[PDB]
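Colleague: Input: one structure, supplied below.
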2 protein chains.
Amino acid sequence: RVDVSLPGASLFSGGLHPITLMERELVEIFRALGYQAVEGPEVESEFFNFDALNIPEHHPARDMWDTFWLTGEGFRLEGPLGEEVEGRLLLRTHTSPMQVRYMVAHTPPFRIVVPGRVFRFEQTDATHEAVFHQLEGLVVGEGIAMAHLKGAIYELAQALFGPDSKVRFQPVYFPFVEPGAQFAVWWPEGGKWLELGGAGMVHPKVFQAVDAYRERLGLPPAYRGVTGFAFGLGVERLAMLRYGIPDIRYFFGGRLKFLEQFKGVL
Amino acid sequence: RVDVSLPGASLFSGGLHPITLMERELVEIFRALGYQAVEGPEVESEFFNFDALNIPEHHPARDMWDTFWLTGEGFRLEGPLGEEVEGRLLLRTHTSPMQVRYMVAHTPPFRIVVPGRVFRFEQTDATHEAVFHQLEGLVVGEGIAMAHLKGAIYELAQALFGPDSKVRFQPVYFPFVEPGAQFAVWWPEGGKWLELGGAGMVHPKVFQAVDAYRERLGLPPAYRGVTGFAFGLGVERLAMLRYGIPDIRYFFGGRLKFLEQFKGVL
Ligand SMILES: N[C@@H](Cc1ccc(O)cc1)C(=O)O
Ligand SMILES: N[C@@H](Cc1ccc(O)cc1)C(=O)O
């Protein structure tokens with residue numbers, strides 16, 4: 001005879017990080033809409049992070065991003081076509097540069113979503129990080145209109161908060177879009193509007209930067225007669241509201257008591 | 001000191017069945033197109049397997065499906081709305097009945113894909129099984145046209161065989177569609193056309209059966225002013241060509257030497 005209620009061999013049981021879970025859900029939501037996920041580098045060139053996105057130097061708009069500037073010789077930053085890119089190095093302040101890289105390397109129409117680690121020089125508190133994640137979206141092609149951007153986010157909301165969810169758009173500014181907009185989604189349970197992210201129609205100067213860099217690389221122009229929309233949303237804020245995580249600082253804390261709590265979560 | 005090239009603890013390493021892999025790829029291909037996967041029961045009623053799909057008794061068309069008829073009291077077959085359905089029981093000869101179940105239980109527009117185990121009374125050889133799998137597709141909604149069906153399969157092909165892949169449609173008969181069609185996809189490597197599955201525009205009588213069963217259940221009609229397309233494709237045939245599996249019989253053989261060979265495969 002054997003006691004069957006006796007503990008068995010202590011085989012280890014793994015788990016996924018909250019951010020990996022939230023990012024996966026977001027990526028799934030958009031895959032169902034035809035978006036494909038691709039990634040960019042965490043260490044970027046000012047050209048891709050700012051200049052190519054219509055964000056000058058000593059431009060008031062630069063202030064919307066507190067940047068970590070890097071230094072050191074011997075580092076090789078490869079451009080979209082594997083080339084050796086140059087320019088002052090920094091930690092990307094957002095995933096947006098990736099939409100420039102992708103466009104020089106591909107041709108419309110397409111739908112991409114690019115999750116990624118981003119960095120801002122900031123003070124770490126209960127709802128603020130210097131190291132966090134964003135999910136960028138970019139859909140370009142003949143006839144793409146703001147009505148489609150709104151449709152996308154409407155689908156994001158429904159997919160995230162159920163049939164009783166709603167979306168709200170208000171004009172807001174971004175050097176890389178025009179019209180520009182901020183969007184919030186209605187969260188029926190918490191009974192409140194959550195400011196989710198920014199978006200808009202890709203700015204004319206962005207398409208121009210893309211086709212200039214293409215020509216400078218021998219590629220033919222590809223974004224002359226197309227339009228598109230782009231959006232960007234913070235992951236931690238969403239992960240927090242979705243898992244009831246009180247301190248944004250727990251994500252990079254590494255505390256098992258914390259991480260372990262998400263083994264169930266799919 | 002320790003020999004580091006010495007074998008480590010023999011922790012077990014799992015794996016997925018070839019069919020699970022192929023089905024997963026197919027389901028992913030279509031999820032990117034907005035289709036959602038749902039399943040039906042393996043033991044069906046003649047009503048759902050045949051009658052509701054415009055396939056009479058002692059109808060020549062019945063012969064396109066060699067059926068396993070079942071017997072035994074005490075079995076409860078639940079309909080789409082959980083009700084107690086009746087009718088001669090059988091093993092579903094295809095996943096098609098599931099498109100009737102789904103429609104009585106939902107409202108257009110929608111996109112579904114239903115993978116599933118099916119049964120045909122047949123002799124088991126190198127390329128034939130009595131027990132195999134199918135993947136059904138069903139997209140219904142205002143304005144849905146055959147041009148969309150073709151677009152779907154075009155996307156299936158591209159997704160499965162690359163940019164140099166092509167699709168081919170030819171008229172063929174199915175009591176549940178009109179127009180009816182068979183489609184083949186060009187496989188650039190094997191340099192040949194693969195007859196993949198059947199499809200067409202959902203037959204008027206199918207929508208009628210759906211709305212009659214709905215009314216008989218108190219639900220209001222929902223498929224009066226819509227159209228849709230449906231397709232069905234065999235999985236084993238595809239899995240075989242895709243993994244280079246020579247004998248369709250290996251799938252249900254249970255031989256580890258065989259199964260083990262697909263641990264890598266994603
Ligand atoms: N990249 C911006 C957010 C954003 C992203 C895409 C847009 O189209 C607009 C705004 C940020 O770091 O806050
Ligand atoms: N159900 C059919 C194949 C098929 C499926 C869907 C269709 O719309 C047409 C044909 C079979 O068992 O072979």
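Residue numbers start at 1 in each chain; chains themselves are named A, B, ... in the order of the structure tokens; ligands are numbered from 1 in the order shown.
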Could I get the residue neighbourhood of ligand 2 at 8 Å, counting only C-alpha atoms and all ligand atoms, as a PyMOL selection string?
Modeller: chain B and resi 64-65+93-96+134+136-138+173-174+176-177+180-182+197-202+229-233
Colleague: Could you save those same residues with C-alpha atoms as a compact mmCIF listing (two decimals), in the first residue's frame?
Modeller:
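Result went into result_7.txt, see below:
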```txt
# COMPACT_ATOMS: atom_id res chain seq x y z
CA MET B 64 -20.31 11.00 -50.97
CA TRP B 65 -20.13 10.03 -47.26
CA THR B 93 -18.75 12.35 -41.69
CA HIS B 94 -17.40 15.92 -41.84
CA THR B 95 -17.20 19.13 -39.81
CA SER B 96 -19.94 20.81 -41.90
CA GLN B 134 -10.93 18.33 -41.51
CA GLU B 136 -14.10 23.86 -41.99
CA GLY B 137 -14.40 27.54 -42.72
CA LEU B 138 -17.53 29.70 -42.67
CA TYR B 173 -20.85 19.68 -56.35
CA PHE B 174 -21.96 19.90 -52.73
CA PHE B 176 -24.75 22.72 -49.13
CA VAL B 177 -23.27 25.27 -51.59
CA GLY B 180 -19.88 24.83 -55.59
CA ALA B 181 -16.15 24.42 -56.12
CA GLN B 182 -12.98 22.43 -55.57
CA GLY B 197 -10.70 21.04 -50.49
CA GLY B 198 -14.20 22.03 -51.49
CA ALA B 199 -16.08 25.29 -51.00
CA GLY B 200 -18.73 27.66 -52.33
CA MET B 201 -21.46 30.11 -51.35
CA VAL B 202 -23.65 28.78 -48.52
CA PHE B 229 -18.93 31.17 -48.21
CA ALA B 230 -17.76 27.91 -46.71
CA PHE B 231 -14.84 25.61 -47.37
CA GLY B 232 -13.53 22.32 -46.04
CA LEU B 233 -10.03 20.89 -46.22
```
Colleague: Set out as JSON lines a contact list for chain B and chain A with a cut-off of 10 Å, giving each residue of chain B that qualifies its closest atom pair and distance in Å to one decimal, counting only C-alpha atoms, ordered by chain and rising residue number.
Modeller:
```
{"residue": "B:11", "atom": "CA", "partner": "A:11", "partner_atom": "CA", "distance": 9.2}
{"residue": "B:28", "atom": "CA", "partner": "A:32", "partner_atom": "CA", "distance": 9.0}
{"residue": "B:29", "atom": "CA", "partner": "A:32", "partner_atom": "CA", "distance": 9.8}
{"residue": "B:30", "atom": "CA", "partner": "A:32", "partner_atom": "CA", "distance": 8.4}
{"residue": "B:31", "atom": "CA", "partner": "A:32", "partner_atom": "CA", "distance": 5.2}
{"residue": "B:32", "atom": "CA", "partner": "A:32", "partner_atom": "CA", "distance": 4.6}
{"residue": "B:33", "atom": "CA", "partner": "A:34", "partner_atom": "CA", "distance": 5.9}
{"residue": "B:34", "atom": "CA", "partner": "A:32", "partner_atom": "CA", "distance": 4.8}
{"residue": "B:35", "atom": "CA", "partner": "A:32", "partner_atom": "CA", "distance": 7.4}
{"residue": "B:36", "atom": "CA", "partner": "A:32", "partner_atom": "CA", "distance": 8.5}
```
Colleague: By how many Å are CA of residue 238 (chain A) and CA of residue 175 (chain A) apart?
Modeller: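 CA of residue 175 (chain A) lies 24.6 Å from CA of residue 238 (chain A).
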Colleague: So which one's closest to residue 91 (chain B), B:162, B:204, B:40, B:115? Using only C-alpha atoms, please.
Modeller: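 Ranked by minimum distance to residue 91 (chain B), first place goes to B:40.
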Colleague: From a backbone DSSP assignment, name each residue in region 217-266 of chain B labelled alpha helix (DSSP H), as a list in words.
Modeller: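 Alpha helix (DSSP H) members of region 217-266 of chain B, listed: residues 235, 236, 237, 238, 239, 240, 241, 242, 243, 256, 257, 258 and 259 of chain B.
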Colleague: Output C-alpha atoms for every residue in the selection just made, as a PDB file, in the first residue's frame.
Modeller:
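Printed below is part23.pdb as written:
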```pdb
ATOM      1  CA  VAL B 235      -5.665  17.918 -42.663  1.00  0.00           C
ATOM      2  CA  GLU B 236      -3.783  14.593 -43.014  1.00  0.00           C
ATOM      3  CA  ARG B 237      -3.237  15.113 -46.727  1.00  0.00           C
ATOM      4  CA  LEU B 238      -1.713  18.517 -45.965  1.00  0.00           C
ATOM      5  CA  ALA B 239       0.234  17.333 -42.917  1.00  0.00           C
ATOM      6  CA  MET B 240       1.637  14.519 -45.015  1.00  0.00           C
ATOM      7  CA  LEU B 241       2.837  16.730 -47.840  1.00  0.00           C
ATOM      8  CA  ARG B 242       4.183  19.217 -45.320  1.00  0.00           C
ATOM      9  CA  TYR B 243       6.175  16.865 -43.072  1.00  0.00           C
ATOM     10  CA  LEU B 256       6.839   6.912 -30.505  1.00  0.00           C
ATOM     11  CA  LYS B 257       9.659   6.519 -33.059  1.00  0.00           C
ATOM     12  CA  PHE B 258       7.205   8.350 -35.305  1.00  0.00           C
ATOM     13  CA  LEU B 259       5.659  10.894 -32.934  1.00  0.00           C
TER      14      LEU B 259
END
```
Colleague: Using only C-alpha atoms, which protein or nucleic acid residues come within 6 Å of residue 114 (chain A)? Drop anything in the same chain fewer than 2 positions from it, and give the result as a compact mmCIF listing (two decimals) with C-alpha atoms, in the first residue's frame.
Modeller:
```txt
# COMPACT_ATOMS: atom_id res chain seq x y z
CA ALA A 37 4.70 41.53 -34.93
CA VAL A 38 8.31 42.64 -35.60
CA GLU A 39 10.92 44.20 -33.33
CA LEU A 135 3.22 48.58 -28.43
CA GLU A 136 3.36 50.45 -31.70
```
Colleague: Could you state the separation of CA of residue 112 (chain B) and CA of residue 140 (chain B) in Å, given to one decimal place?
Modeller: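 CA of residue 112 (chain B) sits 9.0 Å away from CA of residue 140 (chain B).
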Colleague: Excluding residue 212 (chain B) and any residue of its chain fewer than 6 positions from it, enumerate the residues within 10 Å of it, using only C-alpha atoms, and give them as a compact mmCIF listing (two decimals) with N, CA and C atoms, in the first residue's frame.
Modeller:
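And here is the file that came out, out.txt:
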```
# COMPACT_ATOMS: atom_id res chain seq x y z
N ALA B 52 -29.97 19.11 -42.35
CA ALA B 52 -29.82 20.56 -42.29
C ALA B 52 -28.88 21.08 -43.36
N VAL B 104 -27.20 28.75 -35.70
CA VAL B 104 -28.43 28.87 -34.93
C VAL B 104 -28.07 29.58 -33.63
N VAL B 206 -29.64 26.05 -46.69
CA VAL B 206 -28.95 25.89 -45.41
C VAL B 206 -29.34 27.03 -44.48
N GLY B 218 -37.54 29.54 -30.68
CA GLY B 218 -37.92 30.83 -30.15
C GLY B 218 -37.01 31.98 -30.56
N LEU B 219 -35.90 31.67 -31.23
CA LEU B 219 -34.98 32.71 -31.67
C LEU B 219 -35.52 33.35 -32.95
N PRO B 220 -35.20 34.62 -33.19
CA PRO B 220 -35.67 35.30 -34.40
C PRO B 220 -34.77 34.97 -35.61
N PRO B 221 -35.30 35.06 -36.84
CA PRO B 221 -34.45 34.75 -38.00
C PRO B 221 -33.25 35.68 -38.08
```
Colleague: Where does DSSP see strand (DSSP E) in region 4-193 of chain A, if you list the residues as an MDAnalysis selection string?
Modeller: chainID A and resid 36:37 43:45 89:91 110:119 131:141 167:171 177:187 192:193
Colleague: Export, as a compact mmCIF listing (two decimals), in the first residue's frame, the selected residues with C-alpha atoms.
Modeller:
```
# COMPACT_ATOMS: atom_id res chain seq x y z
CA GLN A 36 2.25 41.02 -37.79
CA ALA A 37 4.70 41.53 -34.93
CA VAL A 43 19.86 51.12 -28.73
CA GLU A 44 18.94 53.56 -31.51
CA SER A 45 20.33 56.39 -33.58
CA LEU A 89 23.43 56.82 -30.04
CA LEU A 90 20.68 56.72 -27.42
CA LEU A 91 18.20 54.34 -25.83
CA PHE A 110 0.96 46.18 -44.66
CA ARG A 111 -0.05 45.96 -40.98
CA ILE A 112 2.60 45.77 -38.29
CA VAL A 113 2.68 45.90 -34.53
CA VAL A 114 5.98 46.33 -32.71
CA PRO A 115 6.22 45.66 -28.99
CA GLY A 116 9.35 46.82 -27.24
CA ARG A 117 11.39 47.95 -24.29
CA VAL A 118 11.75 51.73 -24.16
CA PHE A 119 13.71 54.14 -21.95
CA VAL A 131 12.29 51.44 -18.24
CA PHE A 132 8.92 50.31 -19.62
CA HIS A 133 7.18 48.83 -22.66
CA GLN A 134 5.15 50.17 -25.57
CA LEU A 135 3.22 48.58 -28.43
CA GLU A 136 3.36 50.45 -31.70
CA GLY A 137 0.97 49.92 -34.56
CA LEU A 138 1.41 50.92 -38.21
CA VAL A 139 -0.90 50.26 -41.13
CA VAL A 140 0.04 51.84 -44.48
CA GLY A 141 -1.56 51.50 -47.89
CA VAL A 167 -13.45 54.26 -27.33
CA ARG A 168 -12.90 58.00 -27.29
CA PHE A 169 -10.63 60.11 -29.53
CA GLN A 170 -9.49 63.70 -28.92
CA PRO A 171 -7.01 65.79 -30.87
CA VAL A 177 1.16 62.37 -37.28
CA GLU A 178 -1.45 64.82 -38.65
CA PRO A 179 -4.25 64.53 -37.64
CA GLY A 180 -2.91 63.63 -34.20
CA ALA A 181 -4.96 62.06 -31.42
CA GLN A 182 -5.14 60.53 -27.96
CA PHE A 183 -7.58 57.69 -27.32
CA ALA A 184 -9.22 56.36 -24.18
CA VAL A 185 -11.24 53.18 -23.72
CA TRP A 186 -14.21 52.74 -21.46
CA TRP A 187 -13.65 50.13 -18.78
CA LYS A 192 -13.86 54.96 -15.93
CA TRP A 193 -12.04 56.16 -19.04
```
